[PDB]
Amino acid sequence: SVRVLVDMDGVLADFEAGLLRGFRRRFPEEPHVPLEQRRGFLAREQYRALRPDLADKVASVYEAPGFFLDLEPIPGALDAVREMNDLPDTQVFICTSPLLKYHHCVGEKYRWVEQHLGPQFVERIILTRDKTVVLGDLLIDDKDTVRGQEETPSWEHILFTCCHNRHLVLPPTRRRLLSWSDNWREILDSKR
């Protein structure tokens, strides 16, 4: 069997659109970063560069009760995970990291999966700050580089395209998925 590890934020759940909508509702007078202009993984650091006090303002949006629970699905994501898990000789886990400020993040992620995908998918969640100690063939994740205690992880990292990484320059050794309407089946087939 081929085991596929799938990230949540930026892959299944639209974190960036949720953050922007929440910031504009809470701070309606303030300048913002349009999604098309996002660069670098941590949104907070781009807001800090725009004006220093904006860093703590935008963090207050994603640290608030309800933020993770209310995120909208990425187009095609839920249907793709359903199809993937049903394929012969294929196993799926949802492998996701909590914030350091974990309080309103850990339980809300479990409930989001229960509502959008159902109870059977809740049993496939792995919560960890270090994905390199998880065994699998593939990791689908929008983070530029995924690191931890294992210098050479068991999995190949497939970069999932998101507003913040679209402009990032990659060598031919690093593979990219453009969206869930791109050819993910061929990637899985390369590990069989």
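Residues carry their position along the shown sequence, with the first being 1.
Legend entry - Coordinates absent for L170 in a third or more of other entries: yes, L170 frequently unmodelled elsewhere, at least a third of entries.
Inset, instruction - Between 170-178 and 6-14, name whichever shows the higher mean Cα B factor according to the PDB entry. - result: It is 170-178 that shows the higher mean C-alpha B-factor.
Legend entry - Comparing 146-154 with 46-54, the one whose average Cα B-factor in the PDB entry is higher: Higher mean C-alpha B-factor in the PDB entry: 146-154.
Legend entry - Selection from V134, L69, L35, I140 [criterion: highest C-alpha temperature factor in the record]: Across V134, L69, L35, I140, the entry lists the biggest C-alpha B-factor for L35.
Inset, instruction - Check where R26 lands among this chain's C-alpha B-factors and tell me if it's the lowest, middle or highest third. - result: It belongs to the middle third of the chain when residues are ordered by C-alpha B-factor.
Inset, instruction - Can you work out whether the C-alpha temperature factor of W112 puts it in the lowest, middle or highest third of the chain? - result: It belongs to the lowest third of the chain when residues are ordered by C-alpha B-factor.
Legend entry - Chain-relative CA temperature factor third for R129: It falls in the bottom third of the chain.
Inset, instruction - State the tercile, meaning the lowest, middle or highest third, of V81 with respect to the CA B-factors recorded for its chain. - result: Its C-alpha B-factor, which the entry lists for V81, ranks in the highest third among residues of this chain.
Legend entry - Modelled-residue ranking by C-alpha temperature factor, third containing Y102: According to the entry, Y102 has a C-alpha B-factor in the chain's middle third.
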